$ cat query-v4.cif   # mmCIF, C-alpha atoms
data_work
loop_
_atom_site.group_PDB
_atom_site.id
_atom_site.type_symbol
_atom_site.label_atom_id
_atom_site.label_comp_id
_atom_site.auth_asym_id
_atom_site.auth_seq_id
_atom_site.Cartn_x
_atom_site.Cartn_y
_atom_site.Cartn_z
ATOM 1 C CA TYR A 1 -49.014 -77.688 5.667
ATOM 2 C CA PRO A 2 -52.409 -75.956 5.556
ATOM 3 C CA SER A 3 -52.605 -72.957 3.238
ATOM 4 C CA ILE A 4 -55.196 -70.383 2.191
ATOM 5 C CA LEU A 5 -54.933 -69.683 -1.528
ATOM 6 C CA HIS A 6 -57.099 -68.397 -4.334
ATOM 7 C CA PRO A 7 -57.686 -71.208 -6.871
ATOM 8 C CA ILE A 8 -55.360 -69.502 -9.369
ATOM 9 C CA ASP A 9 -52.729 -69.014 -6.664
ATOM 10 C CA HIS A 10 -53.190 -72.630 -5.618
ATOM 11 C CA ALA A 11 -52.789 -73.716 -9.240
ATOM 12 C CA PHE A 12 -49.487 -71.855 -9.568
ATOM 13 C CA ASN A 13 -48.088 -73.022 -6.225
ATOM 14 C CA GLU A 14 -49.210 -76.613 -6.822
ATOM 15 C CA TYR A 15 -47.545 -76.608 -10.234
ATOM 16 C CA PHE A 16 -44.343 -75.358 -8.611
ATOM 17 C CA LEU A 17 -44.519 -78.075 -5.946
ATOM 18 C CA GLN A 18 -45.388 -80.881 -8.379
ATOM 19 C CA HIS A 19 -42.792 -80.038 -11.066
ATOM 20 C CA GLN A 20 -39.578 -79.273 -9.210
ATOM 21 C CA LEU A 21 -36.338 -79.579 -11.171
ATOM 22 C CA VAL A 22 -34.287 -81.284 -8.437
ATOM 23 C CA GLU A 23 -33.381 -84.947 -8.960
ATOM 24 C CA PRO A 24 -31.935 -87.399 -6.408
ATOM 25 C CA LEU A 25 -28.139 -87.231 -6.519
ATOM 26 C CA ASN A 26 -25.851 -90.180 -5.811
ATOM 27 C CA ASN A 27 -22.356 -91.368 -6.671
ATOM 28 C CA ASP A 28 -23.554 -93.359 -9.690
ATOM 29 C CA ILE A 29 -24.999 -90.206 -11.263
ATOM 30 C CA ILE A 30 -21.753 -88.294 -10.729
ATOM 31 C CA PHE A 31 -19.652 -91.173 -12.060
ATOM 32 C CA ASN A 32 -21.801 -91.330 -15.197
ATOM 33 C CA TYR A 33 -21.529 -87.535 -15.429
ATOM 34 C CA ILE A 34 -17.815 -87.934 -16.154
ATOM 35 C CA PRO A 35 -17.293 -88.357 -19.926
ATOM 36 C CA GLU A 36 -17.284 -92.039 -20.790
ATOM 37 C CA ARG A 37 -13.956 -91.982 -22.643
ATOM 38 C CA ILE A 38 -12.167 -90.322 -19.714
ATOM 39 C CA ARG A 39 -13.501 -92.982 -17.334
ATOM 40 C CA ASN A 40 -11.957 -95.608 -19.640
ATOM 41 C CA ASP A 41 -8.602 -93.808 -19.938
ATOM 42 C CA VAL A 42 -5.971 -95.555 -17.816
ATOM 43 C CA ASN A 43 -3.949 -92.331 -17.598
ATOM 44 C CA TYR A 44 -6.597 -90.838 -15.277
ATOM 45 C CA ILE A 45 -7.477 -92.345 -11.894
ATOM 46 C CA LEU A 46 -10.982 -91.358 -10.792
ATOM 47 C CA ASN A 47 -12.160 -92.004 -7.233
ATOM 48 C CA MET A 48 -15.297 -91.157 -5.259
ATOM 49 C CA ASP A 49 -13.994 -90.138 -1.822
ATOM 50 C CA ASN B 1 2.882 -106.259 -7.948
ATOM 51 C CA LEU B 2 3.622 -103.031 -6.088
ATOM 52 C CA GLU B 3 5.642 -101.603 -8.982
ATOM 53 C CA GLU B 4 2.675 -101.984 -11.335
ATOM 54 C CA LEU B 5 0.359 -100.502 -8.707
ATOM 55 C CA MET B 6 2.631 -97.481 -8.250
ATOM 56 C CA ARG B 7 3.021 -97.029 -12.012
ATOM 57 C CA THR B 8 -0.700 -97.199 -12.819
ATOM 58 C CA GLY B 9 -2.006 -95.722 -9.570
ATOM 59 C CA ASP B 10 -5.180 -97.837 -9.741
ATOM 60 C CA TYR B 11 -5.856 -99.037 -6.190
ATOM 61 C CA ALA B 12 -9.269 -100.626 -6.807
ATOM 62 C CA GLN B 13 -8.024 -104.213 -6.561
ATOM 63 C CA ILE B 14 -5.831 -103.707 -3.495
ATOM 64 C CA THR B 15 -8.520 -101.614 -1.796
ATOM 65 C CA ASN B 16 -11.152 -104.288 -2.420
ATOM 66 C CA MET B 17 -8.849 -107.058 -1.186
ATOM 67 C CA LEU B 18 -7.870 -105.153 1.965
ATOM 68 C CA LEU B 19 -11.470 -104.212 2.774
ATOM 69 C CA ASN B 20 -12.699 -107.785 2.208
ATOM 70 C CA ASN B 21 -9.874 -109.448 4.192
ATOM 71 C CA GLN B 22 -8.871 -111.498 1.152
ATOM 72 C CA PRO B 23 -5.429 -113.120 1.622
ATOM 73 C CA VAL B 24 -2.854 -111.550 -0.688
ATOM 74 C CA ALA B 25 0.891 -111.055 -1.163
ATOM 75 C CA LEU B 26 2.176 -107.553 -1.917
ATOM 76 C CA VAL B 27 5.366 -108.151 -3.913
ATOM 77 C CA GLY B 28 8.095 -105.542 -4.245
ATOM 78 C CA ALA B 29 11.198 -104.150 -2.556
ATOM 79 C CA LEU B 30 9.790 -102.887 0.745
ATOM 80 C CA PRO B 31 11.320 -101.462 3.922
ATOM 81 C CA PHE B 32 10.270 -103.176 7.130
ATOM 82 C CA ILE B 33 10.247 -102.471 10.857
ATOM 83 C CA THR B 34 12.033 -105.007 13.054
ATOM 84 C CA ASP B 35 10.033 -105.527 16.257
ATOM 85 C CA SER B 36 11.353 -107.757 19.045
ATOM 86 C CA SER B 37 8.412 -107.174 21.411
ATOM 87 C CA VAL B 38 6.330 -110.249 22.227
ATOM 88 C CA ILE B 39 3.514 -108.018 23.485
ATOM 89 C CA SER B 40 3.471 -106.261 20.113
ATOM 90 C CA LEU B 41 3.054 -109.621 18.377
ATOM 91 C CA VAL B 42 0.242 -110.631 20.738
ATOM 92 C CA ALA B 43 -1.380 -107.251 20.047
ATOM 93 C CA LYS B 44 -1.271 -108.079 16.304
ATOM 94 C CA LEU B 45 0.324 -104.788 15.243
ATOM 95 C CA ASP B 46 1.676 -106.314 12.019
ATOM 96 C CA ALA B 47 -1.911 -106.518 10.739
ATOM 97 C CA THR B 48 -2.528 -102.803 11.413
ATOM 98 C CA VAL B 49 -0.089 -101.399 8.824
ATOM 99 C CA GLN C 1 -66.672 -64.226 -2.488
ATOM 100 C CA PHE C 2 -64.095 -65.794 -0.198
ATOM 101 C CA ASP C 3 -64.977 -69.397 0.672
ATOM 102 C CA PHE C 4 -62.880 -71.109 3.330
ATOM 103 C CA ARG C 5 -63.662 -74.611 2.059
ATOM 104 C CA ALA C 6 -62.602 -73.712 -1.490
ATOM 105 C CA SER C 7 -59.438 -71.905 -0.315
ATOM 106 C CA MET C 8 -58.032 -74.285 2.318
ATOM 107 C CA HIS C 9 -55.494 -76.651 0.752
ATOM 108 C CA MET C 10 -52.685 -78.902 1.941
ATOM 109 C CA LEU C 11 -49.356 -78.036 0.336
ATOM 110 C CA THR C 12 -46.922 -80.958 0.274
ATOM 111 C CA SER C 13 -43.158 -80.846 -0.202
ATOM 112 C CA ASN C 14 -39.988 -82.450 1.119
ATOM 113 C CA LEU C 15 -38.702 -81.682 4.595
ATOM 114 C CA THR C 16 -35.183 -80.764 3.460
ATOM 115 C CA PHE C 17 -32.525 -81.493 0.868
ATOM 116 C CA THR C 18 -29.250 -80.016 -0.366
ATOM 117 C CA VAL C 19 -28.901 -79.071 -4.039
ATOM 118 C CA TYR C 20 -25.445 -79.407 -5.596
ATOM 119 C CA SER C 21 -24.109 -77.729 -8.738
ATOM 120 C CA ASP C 22 -20.506 -78.854 -9.354
ATOM 121 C CA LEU C 23 -20.848 -82.622 -9.614
ATOM 122 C CA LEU C 24 -17.225 -83.054 -10.693
ATOM 123 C CA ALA C 25 -16.091 -81.554 -7.378
ATOM 124 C CA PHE C 26 -17.129 -84.911 -5.881
ATOM 125 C CA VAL C 27 -14.549 -86.706 -8.064
ATOM 126 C CA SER C 28 -10.966 -87.114 -6.877
ATOM 127 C CA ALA C 29 -9.070 -87.130 -10.180
ATOM 128 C CA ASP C 30 -5.374 -88.018 -10.330
ATOM 129 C CA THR C 31 -3.101 -88.773 -13.274
ATOM 130 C CA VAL C 32 -0.246 -91.188 -13.924
ATOM 131 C CA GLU C 33 3.277 -89.875 -14.350
ATOM 132 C CA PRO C 34 3.581 -88.437 -17.888
ATOM 133 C CA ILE C 35 6.461 -90.830 -18.591
ATOM 134 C CA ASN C 36 3.993 -93.711 -18.123
ATOM 135 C CA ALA C 37 1.067 -92.208 -20.053
ATOM 136 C CA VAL C 38 -0.259 -94.560 -22.737
ATOM 137 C CA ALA C 39 -2.369 -94.040 -25.848
ATOM 138 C CA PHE C 40 -5.498 -95.860 -27.020
ATOM 139 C CA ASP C 41 -3.372 -98.813 -28.180
ATOM 140 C CA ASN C 42 -2.025 -99.326 -24.616
ATOM 141 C CA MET C 43 1.493 -98.259 -25.662
ATOM 142 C CA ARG C 44 3.222 -95.157 -24.347
ATOM 143 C CA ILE C 45 2.293 -91.900 -26.063
ATOM 144 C CA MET C 46 5.983 -91.076 -26.569
ATOM 145 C CA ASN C 47 8.279 -94.092 -26.904
ATOM 146 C CA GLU C 48 11.621 -92.519 -27.863
ATOM 147 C CA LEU C 49 12.261 -91.908 -24.141
#

$ encode --input "query-v4.cif" --output "structure tokens"
Amino acid sequence: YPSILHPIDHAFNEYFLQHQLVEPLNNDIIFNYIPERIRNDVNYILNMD
Amino acid sequence: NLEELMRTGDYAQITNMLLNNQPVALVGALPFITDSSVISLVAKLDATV
Amino acid sequence: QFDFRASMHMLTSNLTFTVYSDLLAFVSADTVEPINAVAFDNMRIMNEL
């Protein structure tokens, strides 16, 4: 989008745009988010429905 | 073995085999429906359960 | 002084995405019957039955 910004304002907004904290999320990330020893425990059945 | 599957609750193998149409034999005391309809057999209902 | 050339920028971002917080809400977690729960050595936690 076009924007009108003072160079300082542009610097701040561009830093915000270029350094966002959101990462792509998928089922592999969530599966690895589970503690590794609970994923290997046969007493717990973990599924991605 | 259906007893082992029910005890452990891990359906990964059976799910993969059913999704991939891999011939298998589910072994265990099972109730069954008796169907005398020829049209039902032609319609292949036994494969839908 | 305000300069249009020095103030006009193109701000770039993504069109849309959904941010999630509770990753473990995407995990369907079940457990075996406690009678069948086993320890690290693959034997039942309580064997006196």

$ residues_around --input "query-v4.cif" --residues "residue 29 (chain A)" --least-positions-apart "3" --cutoff "12 Å" --atoms "only C-alpha atoms" --output "list in words"
residues 23, 24, 25, 26, 32, 33, 34, 35 and 48 of chain A; 23, 24, 26 and 27 of chain C

$ resolve_selection --input "query-v4.cif" --expression "the PyMOL selection byres ((chain B and resi 7) around 8)" --output "number ranges by chain"
B: 3-6, 8-9; C: 32-33, 36

$ closest_atom_pairs --input "query-v4.cif" --of "chain C" --to "chain B" --cutoff "12 Å" --atoms "only C-alpha atoms" --output "JSON lines"
{"residue": "C:29", "atom": "CA", "partner": "B:9", "partner_atom": "CA", "distance": 11.1}
{"residue": "C:30", "atom": "CA", "partner": "B:9", "partner_atom": "CA", "distance": 8.4}
{"residue": "C:31", "atom": "CA", "partner": "B:9", "partner_atom": "CA", "distance": 8.0}
{"residue": "C:32", "atom": "CA", "partner": "B:8", "partner_atom": "CA", "distance": 6.1}
{"residue": "C:33", "atom": "CA", "partner": "B:7", "partner_atom": "CA", "distance": 7.5}
{"residue": "C:34", "atom": "CA", "partner": "B:7", "partner_atom": "CA", "distance": 10.4}
{"residue": "C:35", "atom": "CA", "partner": "B:7", "partner_atom": "CA", "distance": 9.7}
{"residue": "C:36", "atom": "CA", "partner": "B:7", "partner_atom": "CA", "distance": 7.0}
{"residue": "C:37", "atom": "CA", "partner": "B:8", "partner_atom": "CA", "distance": 9.0}
{"residue": "C:38", "atom": "CA", "partner": "B:8", "partner_atom": "CA", "distance": 10.3}

$ atom_distance --input "query-v4.cif" --atom1 "CA of residue 44 (chain C)" --atom2 "CA of residue 43 (chain A)"
10.2 Å

$ axis_aligned_box --input "query-v4.cif" --around "region 16-34 of chain A" --padding-each-side "6 Å" --output "AutoDock Vina command-line options"
--center_x -31.6 --center_y -84.4 --center_z -11.0 --size_x 39.6 --size_y 30.0 --size_z 22.3

$ atom_distance --input "query-v4.cif" --atom1 "CA of residue 20 (chain C)" --atom2 "CA of residue 19 (chain A)"
18.2 Å

$ resolve_selection --input "query-v4.cif" --expression "the PyMOL selection byres ((chain C and resi 12) around 8)" --output "list in words"
residues 1 and 17 of chain A; 10, 11, 13 and 14 of chain C

$ atom_distance --input "query-v4.cif" --atom1 "CA of residue 45 (chain A)" --atom2 "CA of residue 20 (chain B)"
21.6 Å

$ resolve_selection --input "query-v4.cif" --expression "the PyMOL selection byres ((chain B and resi 21-34) around 10)" --output "list in words"
residues 1, 2, 3, 4, 5, 14, 15, 16, 17, 18, 19, 20, 35, 36, 37 and 46 of chain B

$ closest_residue --input "query-v4.cif" --among "B:12, B:38, B:43, B:49" --to "chain A" --atoms "all atoms listed in the file"
B:12
